[PDB]
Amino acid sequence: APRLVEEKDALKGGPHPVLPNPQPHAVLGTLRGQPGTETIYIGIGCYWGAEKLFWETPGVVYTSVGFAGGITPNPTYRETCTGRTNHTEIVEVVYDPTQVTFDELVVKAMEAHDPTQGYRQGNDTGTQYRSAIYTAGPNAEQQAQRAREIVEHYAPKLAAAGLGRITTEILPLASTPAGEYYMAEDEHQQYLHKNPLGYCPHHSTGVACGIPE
């Protein structure tokens, strides 16, 4: 029921980064660009929870959250939430391939969400919550093919669970319409660490003060 907009109808965005000077990762203490690392871009729904999942993974050396897969250049969060940018909520995962592999990170993403729900994840409805893997680096198209093989290996299992087809979008980041990843505002970066009272929406509880543990 959500739908992508025509690119001619998408928000125009802007020419300059929304977060031109990101601060070191609140947990890992790092910035992107360490020699010897690889990058994968993961969309599995609400990026706050997704970012925490990955920065806590052994071998991941930096993460950020932001937007990719759509067309609007340098969107604000508020713009992306309108659905009119076509972007999905993405975690930039920078990792040490001698400690964790591309394959392992794809599997971790697959096992962390329902990759069959289309423009939705759980109670989060919208094209910005769709499942995605965007690849990067000199072997980006080979890595995309590799992700497709892993993802396709789950298809019979998900079919047997009564869930129908996998809807995960898989392609090189450079081959998405905007061709780039855009960081979200500083407040979103490691949001759940900075604000321990915060939590991904639709996860309140019926005990204590309603904040999930």
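Sequential numbering from 1, following the sequence displayed.
Of the two segments examined, 26 to 34 and 42 to 50, it is 26 to 34 that shows the higher average Cα temperature factor in the deposited entry. Comparing the deposited coordinates for 81 to 89 and 99 to 107, the stretch with the larger average C-alpha B-factor is 99 to 107. Ranked within its chain, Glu169 lands in the middle third, by CA B factor from the PDB record.
Among the modelled residues of its chain, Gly69 has a C-alpha B-factor that falls in the lowest third, as given in the PDB entry. In this PDB entry, the Cα temperature factor of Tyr182 sits in the middle third of its chain's modelled residues. In the deposited entry, the Cα temperature factor of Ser131 places it in the lowest third of its chain's modelled residues. When the modelled residues of the chain are ordered by their C-alpha B factor, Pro115 lands in the lowest third.
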